[PDB]
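Only one structure is covered here, and it is reproduced in the block below.
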Amino acid sequence: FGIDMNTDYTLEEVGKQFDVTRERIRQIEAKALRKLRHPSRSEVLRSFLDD
DNA sequence: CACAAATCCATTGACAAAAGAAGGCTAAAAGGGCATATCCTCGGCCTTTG
């Protein structure tokens, strides 16, 4: 994502700095998103949702 | 404190899609040519008319 930097880096350019061919980098993004998906870790972020 | 099964880590292959990138096609927007000559009021202004 683009937090605290002017991008928006993409998977190949990300995995360059981690030496992954973008597949493990996809997996790592997915794992972090799943971890933050948990309640008791994202109740505030839930409140930020508007609906 | 010694040996094998359980499981986070990283690549391969295949590949579906998103992103452009062009090529083509219209419709839309711009440009060009046209060849008889020339309303109503008001008021000066002058022809005619008596």
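FYI, nothing fancy with the structure tokens labels: chains A, B, ... in order, residues from 1 per chain, ligands from 1 as they appear.
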- Write out as a ChimeraX atom specification all residues of chain A that DSSP puts in helix (DSSP H, G or I) for this structure's backbone. /A:11-18,23-36,43-48
- For segment 21-34 of chain A, list every protein, DNA or RNA residue within 12 Å, evaluated using only C-alpha atoms (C1' of nucleotides), and leave out those in the same chain fewer than 2 positions away; present the list as a ChimeraX atom specification. /A:1,9-19,36-39,41-42 /B:8-12
Next, the residues of the selection above should be written as a short mmCIF file (atom, residue, chain, number, x, y, z; two decimals), in the first residue's frame with N, CA, C and O atoms (P, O5', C5', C4', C3', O3' and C1' of nucleotides).
data_model
loop_
_atom_site.label_atom_id
_atom_site.label_comp_id
_atom_site.auth_asym_id
_atom_site.auth_seq_id
_atom_site.Cartn_x
_atom_site.Cartn_y
_atom_site.Cartn_z
N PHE A 1 0.86 -1.17 0.00
CA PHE A 1 0.00 0.00 0.00
C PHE A 1 0.90 1.23 0.00
O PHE A 1 2.12 1.12 -0.10
N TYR A 9 4.16 0.83 -4.35
CA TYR A 9 5.11 -0.09 -4.97
C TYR A 9 4.38 -1.34 -5.45
O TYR A 9 3.33 -1.71 -4.92
N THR A 10 4.92 -1.98 -6.47
CA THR A 10 4.30 -3.17 -7.00
C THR A 10 5.07 -4.42 -6.59
O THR A 10 6.16 -4.35 -6.01
N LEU A 11 4.49 -5.58 -6.91
CA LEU A 11 4.93 -6.83 -6.31
C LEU A 11 6.35 -7.17 -6.71
O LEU A 11 7.14 -7.63 -5.88
N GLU A 12 6.71 -6.97 -7.97
CA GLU A 12 8.07 -7.26 -8.39
C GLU A 12 9.06 -6.33 -7.71
O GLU A 12 10.09 -6.76 -7.19
N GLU A 13 8.73 -5.04 -7.65
CA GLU A 13 9.62 -4.07 -7.04
C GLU A 13 9.68 -4.24 -5.53
O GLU A 13 10.70 -3.96 -4.90
N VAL A 14 8.58 -4.70 -4.92
CA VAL A 14 8.62 -5.03 -3.50
C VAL A 14 9.53 -6.22 -3.27
O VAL A 14 10.49 -6.15 -2.49
N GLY A 15 9.27 -7.33 -3.96
CA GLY A 15 10.02 -8.55 -3.73
C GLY A 15 11.47 -8.43 -4.16
O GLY A 15 12.29 -9.30 -3.84
N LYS A 16 11.81 -7.39 -4.91
CA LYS A 16 13.21 -7.06 -5.15
C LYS A 16 13.94 -6.81 -3.84
O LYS A 16 15.03 -7.34 -3.60
N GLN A 17 13.34 -5.98 -2.97
CA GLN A 17 13.96 -5.67 -1.69
C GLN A 17 13.88 -6.85 -0.73
O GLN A 17 14.57 -6.87 0.30
N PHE A 18 13.01 -7.82 -1.02
CA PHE A 18 12.96 -9.03 -0.20
C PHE A 18 13.43 -10.25 -0.98
O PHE A 18 13.39 -11.37 -0.45
N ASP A 19 13.82 -10.07 -2.24
CA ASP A 19 14.42 -11.13 -3.04
C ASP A 19 13.41 -12.22 -3.39
O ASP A 19 13.79 -13.32 -3.80
N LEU A 36 -4.14 -9.04 10.63
CA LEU A 36 -4.88 -7.84 11.00
C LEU A 36 -6.38 -8.05 10.87
O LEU A 36 -7.18 -7.29 11.44
N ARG A 37 -6.79 -9.09 10.14
CA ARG A 37 -8.20 -9.40 9.99
C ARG A 37 -8.84 -9.79 11.32
O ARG A 37 -10.07 -9.71 11.46
N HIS A 38 -8.04 -10.21 12.29
CA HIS A 38 -8.57 -10.77 13.52
C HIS A 38 -9.28 -9.70 14.34
O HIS A 38 -8.82 -8.55 14.38
N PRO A 39 -10.38 -10.03 15.01
CA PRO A 39 -10.90 -9.12 16.03
C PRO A 39 -10.01 -9.20 17.26
O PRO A 39 -9.26 -10.17 17.43
N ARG A 41 -7.63 -7.30 17.40
CA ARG A 41 -6.51 -6.60 16.78
C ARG A 41 -6.97 -5.47 15.88
O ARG A 41 -6.19 -4.57 15.57
N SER A 42 -8.23 -5.51 15.46
CA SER A 42 -8.76 -4.54 14.51
C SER A 42 -10.16 -4.08 14.88
O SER A 42 -10.98 -3.85 13.99
P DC B 8 2.86 -23.59 10.86
"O5'" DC B 8 3.91 -22.38 10.97
"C5'" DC B 8 4.07 -21.48 9.88
"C4'" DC B 8 5.49 -20.94 9.81
"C3'" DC B 8 5.71 -19.81 8.83
"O3'" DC B 8 6.93 -19.13 9.17
"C1'" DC B 8 6.64 -21.78 7.95
P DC B 9 7.82 -18.38 8.05
"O5'" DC B 9 8.89 -19.48 7.62
"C5'" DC B 9 8.87 -20.03 6.32
"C4'" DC B 9 9.89 -19.35 5.42
"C3'" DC B 9 9.37 -18.14 4.67
"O3'" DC B 9 10.34 -17.08 4.64
"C1'" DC B 9 9.63 -20.06 3.22
P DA B 10 11.88 -17.33 4.24
"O5'" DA B 10 11.82 -18.08 2.84
"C5'" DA B 10 11.58 -17.35 1.65
"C4'" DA B 10 12.09 -18.10 0.43
"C3'" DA B 10 11.87 -17.39 -0.90
"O3'" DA B 10 12.95 -17.66 -1.77
"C1'" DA B 10 10.73 -19.45 -0.90
P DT B 11 12.96 -17.08 -3.27
"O5'" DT B 11 13.00 -18.39 -4.17
"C5'" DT B 11 13.11 -18.29 -5.57
"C4'" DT B 11 12.86 -19.63 -6.23
"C3'" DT B 11 12.31 -19.54 -7.64
"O3'" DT B 11 12.90 -20.52 -8.49
"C1'" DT B 11 10.82 -20.77 -6.27
P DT B 12 12.50 -20.58 -10.05
"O5'" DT B 12 10.99 -21.10 -10.03
"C5'" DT B 12 10.69 -22.38 -9.50
"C4'" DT B 12 10.18 -23.29 -10.60
"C3'" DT B 12 10.19 -22.67 -11.98
"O3'" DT B 12 10.19 -23.68 -12.97
"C1'" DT B 12 7.98 -22.69 -11.07
#
- Proximity to chain B - best of A:20, A:50, A:35, A:7, only C-alpha atoms (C1' of nucleotides):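 Among the listed residues, the smallest separation from chain B belongs to A:20.
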